[PDB]
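Remarks on the structure that follows.
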Amino acid sequence: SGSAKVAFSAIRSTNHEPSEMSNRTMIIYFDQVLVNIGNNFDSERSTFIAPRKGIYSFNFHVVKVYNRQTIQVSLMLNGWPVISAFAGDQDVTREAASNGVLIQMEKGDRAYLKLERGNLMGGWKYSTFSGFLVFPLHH
Amino acid sequence: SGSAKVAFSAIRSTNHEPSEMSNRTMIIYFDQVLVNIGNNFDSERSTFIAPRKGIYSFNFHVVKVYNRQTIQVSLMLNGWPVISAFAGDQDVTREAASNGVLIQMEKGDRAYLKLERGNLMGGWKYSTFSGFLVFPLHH
Amino acid sequence: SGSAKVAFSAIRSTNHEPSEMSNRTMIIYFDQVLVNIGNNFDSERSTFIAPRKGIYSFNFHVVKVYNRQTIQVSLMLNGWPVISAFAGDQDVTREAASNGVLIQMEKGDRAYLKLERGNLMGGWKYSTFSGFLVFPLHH
Ligand SMILES: *[C@@H]1O[C@H](CO)[C@@H](O[C@@H]2O[C@H](CO)[C@@H](O)[C@H](O)[C@H]2NC(C)=O)[C@H](O[C@@H]2O[C@@H](C)[C@@H](O)[C@@H](O)[C@@H]2O)[C@H]1NC(C)=O
Ligand SMILES: *[C@@H]1O[C@H](CO)[C@@H](O[C@@H]2O[C@H](CO)[C@@H](O)[C@H](O)[C@H]2NC(C)=O)[C@H](O[C@@H]2O[C@@H](C)[C@@H](O)[C@@H](O)[C@@H]2O)[C@H]1NC(C)=O
Ligand SMILES: *[C@@H]1O[C@H](CO)[C@@H](O[C@@H]2O[C@H](CO)[C@@H](O)[C@H](O)[C@H]2NC(C)=O)[C@H](O[C@@H]2O[C@@H](C)[C@@H](O)[C@@H](O)[C@@H]2O)[C@H]1NC(C)=O
């Protein structure tokens with residue numbers, strides 16, 4: 001597929017608490033990048049930047065522990081929520097806010113996960129975020 | 001990929017209650033279509049109609065609120081359930097019946113989501129349904 | 001895509017209890033294979049064996065009933081967990097441990113689901129496991 005091979009996947013490998021900057025941006029950070037074909041995933045910002053016009057698939061599963069908060073996690077496209085997922089609060093099991101979607105992106109569009117409500121104190125180990133170009137679009 | 005570029009994604013953008021017809025069909029309706037490459041998703045019927053033989057990927061996340069019902073949501077292929085997902089009933093958080101699968105479809109096969117058990121009173125805002133042709137098949 | 005068309009999907013169609021061997025391996029078994037393009041999914045072992053170097057997408061949803069256990073399900077790559085999902089224990093609804101990810105695999109790498117914690121007594125009907133080659137890689 002040449003320059004139509006674009007894919008990333010990243011995970012949260014520890015239960016370490018959020019940083020001050022993560023608290024300010026509420027952008028969910030993934031420390032371990034498993035795939036980054038095209039180097040279009042910015043691992044410092046946990047943001048995917050589309051290299052070309054196309055249909056992109058995204059999936060995420062944000063895993064939380066008991067921390068007295070319910071959460072809403074949203075896939076953001078240029079600062080606007082496209083889809084959201086939800087998780088509650090209990091002390092029986094880790095639980096996940098999961099969702100996925102296909103979206104059209106232009107070159108330079110940015111996709112990332114934002115904690116719209118709640119916090120991730122206690123860590124978000126086992127959280128995952130991945131995406132790939134399904135096919136490019138011309139015009 | 002030419003005529004092998006087929007993709008759709010749709011979401012439920014409001015918490016409005018189901019219509020009379022939705023009550024009769026128990027087919028889950030998505031008011032906002034984000035992607036519809038090939039125009040193979042029938043937005044009036046929330047049904048994907050395969051344009052050609054191939055392997056198709058589908059994912060869904062049906063989000064419910066507290067409404068005194070648990071739900072079973074099934075991906076239907078020509079009126080038969082292929083996969084199902086489940087959600088409970090509580091008043092702490094929105095929660096989702098989520099699943100996904102790859103299936104082979106022939107031209108004219110129809111895929112849609114059906115509420116096999118329960119109801120979506122209180123709305124199903126944030127629900128998502130998407131799919132794409134992974135690759136075509138000949139013969 | 002020729003030999004770049006690789007895809008599988010399998011489901012658990014009954015609530016039958018795990019076998020002795022399933023108890024010993026804790027590898028989750030799927031009795032009904034819906035898709036197996038390339039015949040790279042070993043249905044006896046519920047293991048996908050990559051035919052070539054590439055980026056592969058995997059998704060799973062393991063559905064449990066009340067059985068006095070919480071579970072952790074992990075996607076294993078050559079015996080090492082890549083991603084995990086979690087489900088609790090209650091008697092209100094079936095519930096699912098769900099996650100998905102993209103990974104790079106070499107020819108001969110093996111991917112399967114393992115019950116890292118808990119059991120699936122009471123069955124795991126409606127569980128699903130699927131995957132496909134997103135694109136091949138050279139070198
Ligand atoms: C990120 O936000 C968290 C939620 O607001 C912070 O935790 C809160 O910290 C308050 C004092 O900074 C404390 O009164 C709150 O009870 C506490 N809330 C929760 C739910 O834990 C977190 O700050 C961390 O904890 C405090 C005690 C300090 O030691 C910080 O250095 C910790 O990181 C925030 N983390 C930051 C700003 O780095
Ligand atoms: C779609 O099905 C719902 C579940 O059967 C309907 O709600 C039910 O409406 C009954 C009277 O129509 C009422 O006795 C039940 O308590 C109620 N059940 C629940 C769980 O809310 C729904 O009807 C809506 O509510 C009633 C009161 C009417 O105003 C309808 O016009 C409402 O839509 C059904 N909606 C339809 C048929 O449009
Ligand atoms: C697979 O593992 C299960 C969990 O260890 C077994 O169930 C357990 O069986 C014990 C006796 O074998 C019994 O004391 C435990 O209470 C029971 N635990 C649970 C949670 O059910 C299961 O064995 C099944 O049940 C027993 C009674 C025998 O009839 C086996 O033939 C059953 O399969 C294990 N299944 C195997 C080894 O095939």
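Ordering of the structure tokens sets the chain letters (A, B, ...); residue numbers start at 1 within each chain; ligands are numbered from 1 in the order shown.
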Write out as a short mmCIF file (atom, residue, chain, number, x, y, z; two decimals) with C-alpha atoms, in the first residue's frame each polymer residue whose atoms come within 6 Å of residue C:26, counting only C-alpha atoms; drop sequence neighbours fewer than 4 positions from it.
```
data_model
loop_
_atom_site.label_atom_id
_atom_site.label_comp_id
_atom_site.auth_asym_id
_atom_site.auth_seq_id
_atom_site.Cartn_x
_atom_site.Cartn_y
_atom_site.Cartn_z
CA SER C 22 -8.92 -25.87 28.49
CA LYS C 114 -5.60 -16.70 27.79
CA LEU C 115 -7.63 -16.51 30.99
#
```
(request) Determine, counting only C-alpha atoms, which protein, DNA and RNA residues have an atom within 10 Å of an atom of residue B:31; residues of the same chain fewer than 5 positions away are not included. Present the result as a list in words. (result) residues 10, 11, 12, 13, 14, 43, 44, 46 and 125 of chain B
(message) What are the residues of chain C lining chain B at 7 Å or less? Count only C-alpha atoms, and put the answer as number ranges by chain.
(response) C: 5, 9, 34-35, 61, 92-95, 126, 130
Could you save the residues just selected, with C-alpha atoms, as a PDB file, in the first residue's frame?
```
ATOM      1  CA  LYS C   5      -5.975 -11.192   2.431  1.00  0.00           C
ATOM      2  CA  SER C   9     -13.314 -14.568  13.335  1.00  0.00           C
ATOM      3  CA  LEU C  34     -17.106 -17.671  11.006  1.00  0.00           C
ATOM      4  CA  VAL C  35     -14.164 -16.495   8.865  1.00  0.00           C
ATOM      5  CA  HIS C  61     -14.994  -9.851  23.770  1.00  0.00           C
ATOM      6  CA  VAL C  92     -27.783  -9.233  36.776  1.00  0.00           C
ATOM      7  CA  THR C  93     -26.371  -9.583  33.252  1.00  0.00           C
ATOM      8  CA  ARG C  94     -23.804 -11.363  31.179  1.00  0.00           C
ATOM      9  CA  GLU C  95     -20.765  -9.120  30.940  1.00  0.00           C
ATOM     10  CA  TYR C 126     -21.328 -15.078  22.942  1.00  0.00           C
ATOM     11  CA  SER C 130     -11.279 -11.910  15.394  1.00  0.00           C
TER      12      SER C 130
END
```
(request) Could you check how far atom CA of residue A:15 sits from atom CA of residue A:66, in Å to one decimal? (result)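 Separating atom CA of residue A:15 from atom CA of residue A:66 is a distance of 12.3 Å.
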(request) Could you please extract the residues within 7 Å of ligand 2, counting only C-alpha atoms and all ligand atoms, and hand them back as a list in words? (result)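 Selection of residues at most 7 Å from ligand 2: residues 17, 18, 19, 20, 23, 67, 119 and 121 of chain B.
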Would you write out those residues with N, CA and C atoms, as a PDB file, in the first residue's frame?
```pdb
ATOM      1  N   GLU B  17     -36.230   9.632  22.734  1.00  0.00           N
ATOM      2  CA  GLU B  17     -36.784   8.307  22.937  1.00  0.00           C
ATOM      3  C   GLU B  17     -37.000   7.611  21.598  1.00  0.00           C
ATOM      4  N   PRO B  18     -37.146   6.287  21.601  1.00  0.00           N
ATOM      5  CA  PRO B  18     -37.427   5.581  20.346  1.00  0.00           C
ATOM      6  C   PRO B  18     -38.791   5.942  19.778  1.00  0.00           C
ATOM      7  N   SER B  19     -38.869   5.901  18.452  1.00  0.00           N
ATOM      8  CA  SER B  19     -40.101   6.121  17.715  1.00  0.00           C
ATOM      9  C   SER B  19     -40.988   4.882  17.778  1.00  0.00           C
ATOM     10  N   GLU B  20     -42.236   5.047  17.332  1.00  0.00           N
ATOM     11  CA  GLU B  20     -43.140   3.906  17.235  1.00  0.00           C
ATOM     12  C   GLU B  20     -42.567   2.825  16.323  1.00  0.00           C
ATOM     13  N   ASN B  23     -39.803   0.947  17.942  1.00  0.00           N
ATOM     14  CA  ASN B  23     -40.413   0.008  18.879  1.00  0.00           C
ATOM     15  C   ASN B  23     -40.880  -1.264  18.180  1.00  0.00           C
ATOM     16  N   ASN B  67     -32.964   2.410  33.057  1.00  0.00           N
ATOM     17  CA  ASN B  67     -34.350   2.364  32.604  1.00  0.00           C
ATOM     18  C   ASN B  67     -35.059   1.081  33.027  1.00  0.00           C
ATOM     19  N   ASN B 119     -35.253  -2.562  26.386  1.00  0.00           N
ATOM     20  CA  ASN B 119     -35.613  -1.397  25.585  1.00  0.00           C
ATOM     21  C   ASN B 119     -34.562  -0.311  25.779  1.00  0.00           C
ATOM     22  N   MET B 121     -35.576   3.021  26.317  1.00  0.00           N
ATOM     23  CA  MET B 121     -36.171   4.199  26.927  1.00  0.00           C
ATOM     24  C   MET B 121     -35.115   4.929  27.754  1.00  0.00           C
TER      25      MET B 121
END
```
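You will find atom CA of residue B:73 at 15.8 Å from atom CA of residue C:64.
DSSP on the backbone gives alpha helix (DSSP H) for these parts of stretch 14-128 of chain A: residues 20, 21, 22, 23, 24 and 25 of chain A.
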(request) From the DSSP assignment of the backbone, select every residue of chain A that is strand (DSSP E or B), and format the answer as number ranges by chain. (result) A: 7-11, 27, 32-37, 41-42, 47-49, 54-64, 71-77, 80-87, 95-105, 110-117, 128-136
(message) Could you list, as a list in words, every residue within 12 Å of residue A:139, counting only C-alpha atoms and ignoring same-chain residues fewer than 5 positions away?
(response) residues 52, 53, 54 and 106 of chain A
(request) Compare C:25, C:40, C:47, C:32 by their minimum atom-to-atom distance to ligand 3, counting only C-alpha atoms and all ligand atoms, and give me the closest one. (result)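 Among the listed residues, C:25 lies closest to ligand 3.
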(message) Calculated over only C-alpha atoms and all ligand atoms, which of the candidates A:21, A:133, A:113, A:4 has the smallest distance to ligand 1?
(response)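 Checking each candidate against ligand 1, we get A:21 as the closest.
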(request) Rounded to one decimal place, report the atom 35 (N, counted along the ligand's line) of ligand 3-atom CA of residue C:29 distance in Å. (result)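 We find that atom 35 (N, counted along the ligand's line) of ligand 3 and atom CA of residue C:29 lie 13.9 Å from each other.
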(message) I'd like the contact shell of residue B:131 - 6 Å cut-off, only C-alpha atoms, skipping same-chain residues fewer than 3 positions apart - returned as a list in words.
(response)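 The residues satisfying every condition are residues 7, 8, 57 and 58 of chain B.
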Would you export the selected residues with N, CA and C atoms as a compact mmCIF listing (two decimals), in the first residue's frame, please?
```
# COMPACT_ATOMS: atom_id res chain seq x y z
N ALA B 7 -17.08 1.86 3.52
CA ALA B 7 -16.96 2.11 4.95
C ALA B 7 -18.13 2.97 5.41
N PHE B 8 -18.58 2.73 6.64
CA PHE B 8 -19.61 3.57 7.21
C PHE B 8 -19.37 3.68 8.71
N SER B 57 -15.80 -5.95 8.39
CA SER B 57 -15.61 -5.77 9.82
C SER B 57 -16.74 -4.90 10.34
N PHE B 58 -17.31 -5.27 11.50
CA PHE B 58 -18.35 -4.46 12.13
C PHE B 58 -18.01 -4.29 13.60
```
(message) Please list as a PyMOL selection string every residue within 8 Å of residue C:77, counting only C-alpha atoms and excluding residues in the same chain fewer than 3 positions away.
(response) chain C and resi 80-82+109-112
Output C-alpha atoms for every residue in that selection, as an mmCIF file, in the first residue's frame.
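Output file again.cif follows:
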```cif
data_model
loop_
_atom_site.group_PDB
_atom_site.id
_atom_site.type_symbol
_atom_site.label_atom_id
_atom_site.label_comp_id
_atom_site.auth_asym_id
_atom_site.auth_seq_id
_atom_site.Cartn_x
_atom_site.Cartn_y
_atom_site.Cartn_z
ATOM 1 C CA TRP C 80 3.526 -13.016 26.549
ATOM 2 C CA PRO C 81 0.505 -10.814 27.306
ATOM 3 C CA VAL C 82 0.154 -7.820 24.995
ATOM 4 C CA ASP C 109 4.150 -15.702 15.600
ATOM 5 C CA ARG C 110 1.156 -17.032 17.539
ATOM 6 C CA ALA C 111 -1.732 -15.019 18.993
ATOM 7 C CA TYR C 112 -4.401 -16.442 21.301
#
```
